[PDB]
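Next up: a single chain in structure tokens, the form deposited in one PDB entry.
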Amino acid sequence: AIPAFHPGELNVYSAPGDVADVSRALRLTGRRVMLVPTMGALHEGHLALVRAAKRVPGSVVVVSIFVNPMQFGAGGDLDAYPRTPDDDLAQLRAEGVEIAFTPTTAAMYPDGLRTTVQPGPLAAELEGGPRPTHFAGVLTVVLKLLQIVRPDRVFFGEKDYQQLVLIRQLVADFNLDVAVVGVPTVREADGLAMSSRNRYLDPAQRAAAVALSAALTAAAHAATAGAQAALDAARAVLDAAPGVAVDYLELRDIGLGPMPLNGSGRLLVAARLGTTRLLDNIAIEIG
């Protein structure tokens, strides 16, 4: 028997088998299953993905909420990760979402870490520098969510651009039959990319943090003058801010391969303000 599903209401399932059964039953009834993977503690950045999924005609939106231990580091603080279950579900209800998948760690990893996904070399670069096992954790849990839910489309934010690219690699490499949809980064009024981490910044740091987005947008417009001008413009803006320790500032092609001297690319930056690591990236057209 298929678990109960009440249309127009937020239906919450914790068991993988239950959401798999409902999802399959719904796809047979004329719905297109949209999957929005998250780790909860939802904000407007996450809701933008929700809205993108909801607009697809015939959509039934599945939002997964699961703090994935595998992507935290030997030094990542899993226990400290924000958990606001009640408020998250309230936001999903307000958004018209019909399915929330909230599994336990034991349900996702009943046999602990055994078979896992090993990403390509891109996983060791950029964010993979300080967190070399992070993306293996992300790809492993995303592959599982994709097999459990079997969505028609899965949504990821351009906020985590390297994550998005690695998911496209996972999908191509494993011949997965799902469409990956990237959603533009939601930003605060001054341009700061929305993140739960922004609240950790003190006033001086919050003002200095504007430099990441301002450096990227400056570079995007300086790009008519070439790659080097775009990079130098971005560095100049970051250099005008106090207490911003840049970990990297790199211009790559859109698939994160070598910096192009012409055409489309992506400029990515990561920096530390006190103990808070912030990231941002932007589309760049060279020339």
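Residues that one form lacks are left out of the comparison. Don't overthink the numbering: it's just position in the shown sequence, from 1. In this text, rigid core is short for the largest set of C-alphas that superpose within 1.5 Å between two forms.
What follows is about the form deposited in another entry, which we do not show.
Of the residues listed here (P184, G191, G76, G96), only one shifts its CA by 2 angstroms or more between this form and the one not shown after fitting on the rigid core, and it is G76. The Cα position of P258 differs by 2 Å or more between this form and the one not shown after fitting on the rigid core.
The Cα-Cα distance between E127 and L261 is shortened by 3 Å or more in that other deposited form relative to the form shown here. Three angstroms is the minimum change: in that other deposited form, the CA atoms of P258 and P119 sit closer than in this structure, by 3 Å or more. In sequence order, the runs of three or more residues whose C-alphas all shift by 2 angstroms or more between this form and the one not shown, with the rigid core superposed, are 74-76, 258-262.
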